[PDB]
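K.L.:
here's my sequence, what's the structure:
(one chain, ligands or ions: 1)
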Amino acid sequence: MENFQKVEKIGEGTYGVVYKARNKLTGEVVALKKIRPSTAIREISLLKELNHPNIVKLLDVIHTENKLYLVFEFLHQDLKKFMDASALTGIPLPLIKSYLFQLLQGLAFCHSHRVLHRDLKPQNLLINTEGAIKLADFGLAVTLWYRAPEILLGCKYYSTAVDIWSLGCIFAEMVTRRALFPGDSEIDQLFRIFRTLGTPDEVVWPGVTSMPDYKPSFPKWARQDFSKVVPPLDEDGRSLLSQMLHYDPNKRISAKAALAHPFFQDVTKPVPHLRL
Ligand SMILES: O=C(Nc1ccccn1)Nc1cccc2c1[C@H]1CCCN1C2=O
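P.N.:
Numbers count the residues shown, from 1 in each chain. Below is the structure:
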């Protein structure tokens, strides 16, 4: 817009390109989201008031000249770049455990407001030098990787639980430095989950066979041992991970319950080792 000097493009994806920009008035740097509807305008205002230490703050909404710009606070790194820069040693467990606990606090704040992220992933998870992690790119709702099985099976009325699955997958990625379910299409994605967690059924998931895209012809696979899936996560973590990865949306753990899981009895807030 005619108020922001665009320093550089930092993102793209579905709704729009995002930029590092400085407000010519104040001087402050921010993230400008160029989108691309009364309903959308009204929903966006809901988010303006949605405020929490772990949710990336939405500063201003500029619907002008029939265009939509969203102005957010800026953070220097996303989790994806940080995980890439730590591929060799991996992220320390206390750092991981701190980030999962903050991500859970945010998701627990959003959910009690009936707001879902729906597209959680490393790239829209932002971190600062002060050891804080924040949820970005939401309230708005190309990889299939962190997509919950109910969405892949045609369910239209998603639960907050789709988020918990995505987070679960992210958790397993930080620990193993390797993506859990790196499928490259809706069906390849579905078959990888089936291969690790076994093909679901009426016992493990009552109702699954009456889902839109369920096909009786799905090959039958056995569940693998979580010990082979997420080494070296201790029993407390593997426990929490399996409750976040439950096929049934209804049996999947909520962010509030996960907050009291014994895996966070010893949480702390170490500061990352980032290079900007
Ligand atoms: O603050 C940000 N910094 C940053 C730096 C490098 C890479 C990504 N982000 N980013 C930021 C802030 C608010 C909203 C968004 C973003 C980016 C991340 C991906 C999609 N984007 C958004 O929708």
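
K.L.:
and the closest residue to residue 52 other than its chain neighbours, its phi and psi?
P.N.:
Nearest residue to residue 52 in three dimensions, chain neighbours excluded: residue 109, at 4.3 Å (Cβ to Cβ, 6 or more residues apart in numbering). The C-beta positions use only the backbone N, C-alpha and C, and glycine is treated the same way. Main-chain dihedrals, residue 109, degrees, to the nearest 10: phi -80, psi -40.

K.L.:
residues touching residue 109, list them.
P.N.:
Counting by Cβ atoms under 8 Å, 6 or more residues apart in numbering, residue 109 touches 52, 54, 55.

K.L.:
for the residues you listed, which one is nearest the ligand?
P.N.:
Nearest to the ligand among these, counting by Cβ to the nearest ligand atom, is residue 55 at 10.3 Å.

K.L.:
please report phi then psi for that closest one.
P.N.:
phi -100, psi 130.

K.L.:
ok, residue 160 next?
P.N.:
According to degrees, to the nearest 10, residue 160 has phi -60, psi -30.

K.L.:
again, but for residue 242
P.N.:
According to degrees, to the nearest 10, residue 242 has phi -70, psi -30.

K.L.:
quick one: neighbours of it, just the number.
P.N.:
The number of residues packed near residue 242 is 15, by other Cβ atoms under 10 Å.

K.L.:
tell me the spacing between the closest residue to it other than its chain neighbours and residue 264.
P.N.:
Nearest non-adjacent residue to residue 242, counting by Cβ to Cβ, 6+ apart: residue 226, 5.7 Å away. Computed as Cβ to Cβ, to the nearest Å, the residue 226 to residue 264 distance reads 19 Å.

K.L.:
more neighbours: the two, which one.
P.N.:
The neighbour comparison of residue 226 against residue 264 (other Cβ under 10 Å) goes to residue 226, with 19 against 16.

K.L.:
tell me the contacts of the more buried one?
P.N.:
Neighbour list for residue 226: 238, 241, 242 [criterion: Cβ under 8 Å, 6+ apart].

K.L.:
dump the contacts of residue 109 into CSV; add neighbour count as well.
P.N.:
Shown next, in CSV, are the contacts of residue 109 (neighbours: other Cβ atoms under 10 Å):
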residue, neighbour count
52, 16
54, 20
55, 21
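
K.L.:
identify, from these, the entry nearest to residue 94.
P.N.:
Distances from residue 94 to the contacts of residue 109, taken as Cβ to Cβ, are shortest for residue 54 (17.6 Å).
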